[PDB]
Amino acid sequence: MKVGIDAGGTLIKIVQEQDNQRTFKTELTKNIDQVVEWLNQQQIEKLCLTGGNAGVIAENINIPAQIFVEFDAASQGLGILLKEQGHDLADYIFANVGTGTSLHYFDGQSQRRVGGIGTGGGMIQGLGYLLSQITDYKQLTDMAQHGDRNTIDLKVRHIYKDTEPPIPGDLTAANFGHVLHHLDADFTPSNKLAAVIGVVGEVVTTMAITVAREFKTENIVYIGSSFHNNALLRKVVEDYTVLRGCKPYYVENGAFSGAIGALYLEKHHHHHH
């Protein structure tokens, strides 16, 4: 039994490897003591750790651990998953939409971080809570899926009206920019939450397409737990990526890229010269 753990800001992702097969597990970072409880019931010779909370797991258990930097671990695990899933890409941007969002350019050989933004899953939860009082992640995301953004967001065509606009009229001109034009609307929790997911998706995708243009790649791979149980977010991102002439990729178990990467990096750290 080997174990890779990516202990992030909101979720701890665990990949248990037992004889040619992955078992995937998640736990809330809030419940990190329960991950330690679990580890203490296993027969594990070594922990392969990454993520901001890796140090906390390592401090709190007597199993040898090695820590890897999340950006390299994520890149490496993602490279493995892409190849397993039949994608042999020469280069790509990857956008890791976790608690927050980190953007990387992979040139075929290694990753470099090319930007980031605090619009991600943490915003969906936190701003979602302020607008709906919902704390349960499944409830929040389920509620959002069929929300109508029309009374909340302003489009370019709302500003330009009968004049042909200088950029496409369907584009969002201002997230939440229609609220003051609809002050007698019922701003339902569903509608508000859809608009939160909308702005997060639009910001992420805009940054990803911008760095794809800068680094001359048409491929953009989207990973992170923020996509889980959020088909709306996936659609916002996929649609706008395609509109801007890039190819979006989503990866089965992509949220476990870092954990897979930690196991791989540990394995290949052992060499000599």
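Residue numbers here begin at 1 and follow the sequence given.
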Exercise. Answer yes if residue 257 is missing coordinates in at least a third of the other compared entries, and no if every one of them models it.
Key: no
Quiz item: Among the other entries that model both neighbours of residue 17, does it go unmodelled in a third or more?
Solution: no
Quiz item: Taking only the CA atoms, which stretch has the higher mean B-factor in the record, 232 to 240 or 35 to 43?
Solution: 35 to 43
Practice problem: Check the entry's C-alpha temperature factors for 66 to 74 and 218 to 226, then say which stretch has the higher mean. | Solution: 66 to 74
Quiz item: According to the deposited entry, which of 126, 177, 108, 201 has the largest Cα B-factor?
Solution: 108
Quiz item: Lowest, middle or highest third: where is residue 86 by C-alpha B factor in its chain?
Solution: highest
Self-check item: Cα B factor band for residue 256 (lowest, middle or highest third within the chain)
Solution: lowest
Quiz prompt | Cα B factor band for residue 29 (lowest, middle or highest third within the chain) | solution = middle
Practice problem: Using the B-factor values recorded in the entry, state whether the Cα atom of residue 146 falls in the lowest, middle or highest third among the modelled residues of its chain. | Solution: middle
Quiz item: Is the Cα B-factor recorded for residue 100 in the lowest, middle or highest third of its chain?
Solution: lowest
